[PDB]
Amino acid sequence: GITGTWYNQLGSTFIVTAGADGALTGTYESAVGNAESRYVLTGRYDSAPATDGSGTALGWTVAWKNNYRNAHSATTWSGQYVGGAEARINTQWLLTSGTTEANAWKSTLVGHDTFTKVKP
Amino acid sequence: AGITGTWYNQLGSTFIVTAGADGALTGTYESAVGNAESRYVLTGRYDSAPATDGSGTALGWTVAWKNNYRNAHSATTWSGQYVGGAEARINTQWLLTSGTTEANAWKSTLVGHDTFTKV
Amino acid sequence: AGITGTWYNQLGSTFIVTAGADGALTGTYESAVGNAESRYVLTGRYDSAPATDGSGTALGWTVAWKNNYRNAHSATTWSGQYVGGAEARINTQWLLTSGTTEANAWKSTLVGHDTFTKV
Amino acid sequence: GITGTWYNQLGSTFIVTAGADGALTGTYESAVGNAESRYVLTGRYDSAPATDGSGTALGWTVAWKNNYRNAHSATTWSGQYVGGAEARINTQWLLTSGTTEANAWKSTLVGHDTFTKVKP
Ligand SMILES: COC(=O)c1ccc(-c2cccc(-c3ccc(C(=O)OC)cc3)c2NNC(=O)CCCC[C@@H]2SC[C@@H]3NC(=O)N[C@@H]32)cc1
Ligand SMILES: COC(=O)c1ccc(-c2cccc(-c3ccc(C(=O)OC)cc3)c2NNC(=O)CCCC[C@@H]2SC[C@@H]3NC(=O)N[C@@H]32)cc1
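So, how was this worked out
Residues numbered from 1 in each chain as written, not as in the entry; some residues may be left out. Chains lettered and ligands numbered in written order. Heavy atoms only, no water. Near = heavy atom within 4 Å. Polar contact = N/O pair within 3.5 Å; in protein donor to acceptor, adjacent residues only side chain to side chain. Areas by Shrake-Rupley, 256 points an atom, 1.4 Å probe, with all protein chains shown as cover. Helix = DSSP H or I, 4+ residues; strand = E, 2+ residues; numbered from the N terminus. Nonpolar A, V, L, I, M, F, W, Y, C, P; charged D, E, K, R; others polar. UniProt positions renumbered as here; feature names shortened; annotations may be inferred. Buried < 20%, exposed > 50% of the residue type's maximum accessible area, 1.4 Å probe, protein only. Contact = heavy atoms within 4.5 Å. Core = buried A, V, L, I, M, F, W, Y, C linked by side-chain atoms within 4.5 Å.

J.: Help me understand the site of ligand 1, please; the structure alone is not making it clear to me.
T.: All names here are of chain A. Neighbouring ligand 1 are 17 residues; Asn8, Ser12, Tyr28, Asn70 and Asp113 lie closest to it. Contact distances for ligand 1 include 2.8 Å between an oxygen atom and a side-chain N or O atom of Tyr28. Contact with the protein chains covers 66% of the free accessible surface of ligand 1, which is 800 Å². Of all the elements in the fold, those that place two or more residues in the shell around ligand 1 are β3 (23-29), β6 (70-82) and β7 (88-97). The element best represented in the shell around ligand 1 is β6, accounting for 4 residues. The residue inventory of the shell around ligand 1, partitioned by class, reads 9 nonpolar, 5 polar and 3 charged.

Next comes the structure, spelled out in structure tokens:
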């Protein structure tokens, strides 16, 4: 299932609980792995996916503020979970920083992360 | 107080949100487009201690397009910033991912942009 | 004739383009923002036999941000559609990738949207 | 170098010439590999990249019309070339279809392709 501990290709750790009715809740950490590296996340997933072999759509957000650091920015990941022997979450993400209006054109980075349950 | 309220976008969609002191966003979304009807749950996060220079407040939220009436097997995330003042706005870009087979994964994700106006 | 001409976007940038019968786009771009000065070469492609229903004409182009004056070690692609008529527009989304090291590759690419008006 | 024959994870083939002053020109084909699968591409690249170990920025466009088929759509790839023993082009792409104004919200797909010179 979705619930568990996931790792992406940057060594970030994504610890998530999937609620019965579609909630995602947990913590997202950089590869450093200490308290300063950890941030709250919340999101949603399709809690009744199709039964035709399709993945399970989901998304979540981290705002990059914790008790140690604030980068004045937020990332959202949008993607799908694929179960089976080597479960995976395949995502694309948007990382928006707070900017002036003049700098808004360079406010948003885009990328892609793939998560598995294999600890590096 | 700034983020909390009712917002409409350029497509006529409805975003009702409460911003909590801990950085939480919670509310409901009604889409003007696509395989959707009635309200959907949303959840997200925002920077609860934004810069006090002249920059926006970063935020994001997710809707999974399942409620008690319909299920589109998909989810949208909006990533953007809130700009306060007399004419408050939230400027976003979004990613809408559908659950797909592996063979269709290459075309799972739509991208676009929405601007919300506070009402 | 429709696409061919001079276009400005919401940031004040200048897009001069010729659309060839074979689907080619060729021209020059002047950016209002970023590490850029004077004109840059652009090249792209468009659908030279678009639908004749009420839909836009798909197109895209690239600028590498190197000319004889400056080099930002980056390139933007715009992907979008042309809508003709008395008030012609090109509505685009864009990706701006910088050359990076491997360690910085995760933050190589900006995304946004530009609307162009024909003048 | 960039000039040569590349393949992505979908088995598409990207045959490109990189001109001295920044032009990219060539053909892009689906995994089917026949005439009907092939389309013209043009783009640009940084013809004087940094010398600090950074990749080479580039982009290109395909409009999905040839003498056989027309999908009324265009893809742009934006990314970077990384040289060395296993050269790679890492990209993100935007695929826009011509739509009515009412359907413009669902006009644009986003994804990512990685290219190598290894023929599947
Ligand atoms: C007023 O002060 C500031 O404005 C300020 C202060 C400190 C730092 C800072 C300094 C060093 C490192 C980070 C950092 C780097 C990476 C990660 C990370 O990947 O966490 C998962 C977290 C923090 C720093 N913060 N940067 C962030 O919080 C943004 C992290 C974005 C990570 C992105 S999300 C998409 C992609 N997927 C990942 O797993 N990671 C990347 C930035 C800004
Ligand atoms: C009036 O008629 C129409 O509107 C019409 C007619 C036929 C078809 C059609 C039918 C079957 C297959 C294709 C097709 C599929 C894939 C590829 C391909 O990947 O080529 C590289 C090309 C064509 C078909 N066309 N589709 C396209 O040309 C779009 C291909 C988009 C491929 C994307 S670019 C990003 C990503 N990276 C790749 O390498 N491939 C994918 C679509 C529309």
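Further notes follow.
J.: Before we go on, may I ask you to explain the UniProt feature "binding site: biotin" in chain A in this structure?
T.: UniProt records the feature "binding site: biotin" for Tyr28, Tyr39, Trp77, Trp93 and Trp105 of chain A in the present numbering. The largest pairwise C-alpha distance within this set of annotated residues, which runs over 78 residues, is 27.0 Å, so the set is dispersed in three dimensions. When you line up the elements, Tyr28 of chain A lands in strand β3. At 3.1 Å, the side chain of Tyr28 of chain A forms a polar contact with the side chain of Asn8 of chain A. Mapped onto the elements, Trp77 of chain A comes out in strand β6. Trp77 of chain A gets classed as buried once you look at its relative accessible area, which sits at 3%. Setting aside its immediate chain neighbours within four residues, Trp77 of chain A contacts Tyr28, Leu58, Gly59, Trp60, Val62, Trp64, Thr91, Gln92, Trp93, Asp113 and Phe115 of chain A together with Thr77 of chain B.

J.: What should I look at first to understand the nonpolar core in this one?
T.: A general feature of soluble globular proteins is that nonpolar side chains tend to end up buried together. Counting residues in hydrophobic clusters, the biggest one holds 46 residues, and the most contacted among them are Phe15, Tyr29 and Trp61 of chain B together with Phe14, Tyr28 and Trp60 of chain D. When residues no more than four places from it in sequence are discounted, the contact partners of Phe15 of chain B are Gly5, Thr6, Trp7, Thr28, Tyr29, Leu42, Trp61, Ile90 and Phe116 of chain B. Counting residues in each nonpolar core, the second largest holds 44 residues, with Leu58 of chain A together with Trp7, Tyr29 and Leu42 of chain C among its members.

J.: I would appreciate a short explanation of the site of ligand 2 in the present structure.
T.: Residues and elements named next belong to chain D. Around ligand 2, the structure places 17 residues, and the nearest of them are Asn8, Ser12, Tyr28, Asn70 and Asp113. Measuring from an oxygen atom of ligand 2, one finds a side-chain N or O atom of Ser12 at 2.7 Å. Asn70 places a polar main-chain atom, nitrogen or oxygen, 3.1 Å from an oxygen atom of ligand 2. Protein contact buries 66% of the 790 Å² of open area that ligand 2 shows by itself. When residues of the shell around ligand 2 are traced back to their parent elements, those giving at least two are β3 (23-29), β6 (70-82) and β7 (88-97). No other element matches β6, which puts 4 residues into the shell around ligand 2. Residue composition of the shell around ligand 2, grouped by class: 9 nonpolar, 5 polar and 3 charged.

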